[PDB]
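Next up: a single chain in structure tokens, the form deposited in one PDB entry.
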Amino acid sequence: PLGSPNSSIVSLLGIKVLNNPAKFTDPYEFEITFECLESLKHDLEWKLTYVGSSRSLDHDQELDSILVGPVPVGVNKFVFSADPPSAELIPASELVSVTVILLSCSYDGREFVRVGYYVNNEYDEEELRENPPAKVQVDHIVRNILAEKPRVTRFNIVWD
């Protein structure tokens, strides 16, 4: 009826990161609350991507992905426990640094929302922070997700 920029059947209401901060090797516990306006034929597909290098997309890691459905009308809540990244696939010079994770949702292969977070990685000991070992000691790395400042980018897709 009314001309609108957003026509999405699904919209996010909030996301809680249950374990923050956490060890680098800890799974990501996302509590995702969203709203569904109409019945949908297909499921929702959530993906978590880790940016391994700021210099290119060549070191992106798809951490995990989950299919959620069938989706009931109204407000829904679920916990996405996503697998951690692989340290060995990340350039050693960029491992203990700030980076980005992308939580996206798509419908029938069409992405309609993308949530970006900043994530800092830091040693849990003052000595290691001042003097990083030649070999990265993963078990001493703590990640901190800036969960209060997400960048939510909405896209317009065709649904049903």
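Rigid core here is just the name for the largest C-alpha set that superposes within 1.5 Å across the two forms. The first residue of the shown sequence is 1; numbering continues from there.
Just going by the entry, 113-121 versus 89-97 on mean CA temperature factor gives the higher value to 89-97. Taking the PDB entry as given, 5-13 carries the higher mean Cα B factor of the two stretches 18-26 and 5-13. In the deposited coordinates, the residue among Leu37, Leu63, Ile32, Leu103 with the greatest CA B-factor is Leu37. Sort the modelled residues of the chain by CA B factor and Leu48 lands in the lowest third. Sort the modelled residues of the chain by CA B factor and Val71 lands in the highest third.
FYI, the form deposited in another entry isn't displayed, but the following is about it.
Just one of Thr33, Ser65, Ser104, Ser53 moves its Cα by 2 Å or more between this form and the one not shown on a rigid core overlay, and this residue is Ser53. A displacement of 2 angstroms or greater separates the C-alpha positions of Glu94 between this form and the one not shown, with the rigid core held in common. Compared with the form shown, the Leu57-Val152 C-alpha separation increases in the other form, the change being 3 Å or greater. In the other form, the Cα-Cα separation between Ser56 and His140 shrinks by 3 Å or more relative to the displayed conformation.
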